[PDB]
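What follows is a pair of forms of the same protein chain, given separately as structure tokens and numbered structure 1 and structure 2.
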Structure 1
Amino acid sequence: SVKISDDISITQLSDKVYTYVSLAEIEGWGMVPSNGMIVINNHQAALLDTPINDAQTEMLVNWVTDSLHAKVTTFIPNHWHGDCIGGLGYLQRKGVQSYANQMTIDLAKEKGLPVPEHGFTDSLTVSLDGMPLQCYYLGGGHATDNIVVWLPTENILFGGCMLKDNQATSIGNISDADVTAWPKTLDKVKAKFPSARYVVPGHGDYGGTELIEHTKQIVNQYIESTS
């Protein structure tokens, strides 16, 4: 897992898909690592999630063009939080097409954060010059608006923060969470992607379909331990 900046790390999953980790500070959670994917095809790139701010995003945007040689033309945020659209204003200054759950659009609009330009309400298949990018909203989880991005041709699933990493014992940040739904939503994820080769969570190490089960448990536990 190479470093490309003092705060930005990259790992390669396939010839077309990459995952990055950007280290940032958050009042109340300290030094914390946020993930996002980068998908390439015929010199064009789609960016899923952006570091929490415009600076880290820009660095990341140039590394892509400089190292992978690709114009970043597409953006899809997991949900309305800082570690998903934190640098969208930058992307906008540079004419990037934005796509998102319609509820993510409404939430950013009323809190005066940059707004993506096209919402979907159930699913959106976005084409990066040929290669499909399937976005689905299967119910609330970590956040009411959270989606997952599926890659039919790489069997790679970007789960976002509704999925926790294998070493996580804590449910963590449930301030906008929809705990009532979270458990029904995870089942829908496992049922829809039995064959996923790679699964990337919003924070932490990636892996296989077992992060879905690991998370279903951390949550069920929380529903009981507090009930």
Structure 2
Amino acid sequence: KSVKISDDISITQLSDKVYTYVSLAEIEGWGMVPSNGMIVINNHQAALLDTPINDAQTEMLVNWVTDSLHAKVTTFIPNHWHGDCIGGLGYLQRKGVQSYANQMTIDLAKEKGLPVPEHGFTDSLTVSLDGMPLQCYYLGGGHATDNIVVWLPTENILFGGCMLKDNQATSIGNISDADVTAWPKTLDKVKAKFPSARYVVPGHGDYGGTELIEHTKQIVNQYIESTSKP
């Protein structure tokens, strides 16, 4: 599977230009919790999709991109406003990395005093990494009201983020910012929009293929039934 690049960070290469990382960080009362993200590389320029929970781990990751990939991190896109998405944005901004996100994520970050991504979109936005398309789509609420997905057309790889659960997952998880009623519909749109997905990376846990989508949908619907009757 992966390769360690820190005592807490491991990385898995999915394609010549795409890698997915696993960042482990302690969360009070849950021990070391892993969160996923992506590193996309084109012409020695890199895009980081989600940051680890803090600056320190984000800096480790970016230093690896420089030291081992000989790439400069120029681009950043977060899945949503949670920590496993923008926990390291303060460091990236100190470093001059440009950012793009769902306009909803920007409003939420501003409202909450968190580091704020620069450019906001409402429907879709294809960020060009020196000619390589990183297609960002907001298809509706799910795990978080502002959650988006990032599709890499040239690679057939989808970083669906936290709205998607890994195959070993059995619970809906943290729903404090979720839109459980919209969530199954959002998954339906994801399924239909990216039928050629070869790799599908969730916000936490092992990546897989398109089955993660149906897997997640069953979890949300089971959650809905469980908390509705009797």
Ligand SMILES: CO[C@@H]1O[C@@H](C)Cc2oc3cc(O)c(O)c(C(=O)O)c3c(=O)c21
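We call the rigid core whatever largest set of C-alpha positions still superposes within 1.5 Å between the two forms. Start at 1 and count along the sequence of structure 1; that gives the residue numbers used here. Residues that one form lacks are left out of the comparison.
Structure 2, rather than structure 1, originates from the form solved without the ligand. Aligning the rigid core leaves the CA of residue 30 displaced by 3.1 Å between structures 1 and 2. By the rule of 2 Å per CA over three or more consecutive residues, the rigid core superposition between structures 1 and 2 yields one shifted run, at 27-30.
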